[PDB]
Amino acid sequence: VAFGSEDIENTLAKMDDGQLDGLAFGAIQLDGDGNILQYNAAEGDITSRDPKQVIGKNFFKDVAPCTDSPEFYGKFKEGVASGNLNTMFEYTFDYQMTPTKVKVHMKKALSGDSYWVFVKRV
């Protein structure tokens, strides 16, 4: 189970409350509109966020506005509208933080009503 694993959505679907926090890569679960449902420890470290605080906020509007663009937020809504989200790219996170380069992997969750955003430094 690692960043980029071909069946990552299967393994996470079988996880609990804090198992998500044992992952070496940042992991965020969003609903179809971009609202944060889950946000693990690793992501909070990478972006200097307190996980408990970002839950409930909209990822694209409030927490990660730099991701509100055709290549990130744009691809997110396409995958949502096709039931097949599974894309990788590099990006730079800079809102309320020191600009940090990262590799991003977005992928639909098994339920097909929620979506994952995986992150690791590069």
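Numbering starts at 1 and follows the sequence shown.
Mean Cα B factor from the PDB record: higher for 74-82, or higher for 33-41? Per the deposited B-factors, the answer is 74-82.
15-23 versus 99-107: which one carries the higher mean Cα B factor per the record? Between 15-23 and 99-107, it is 15-23 that shows the higher mean C-alpha B-factor.
For the listed 58, 87, 69, 47, which has the peak Cα B-factor recorded in the PDB entry? That would be 47.
By the record's CA B-factor, is residue 1 among the lowest, middle or highest third of residues in the chain? CA B-factor rank for residue 1: highest third.
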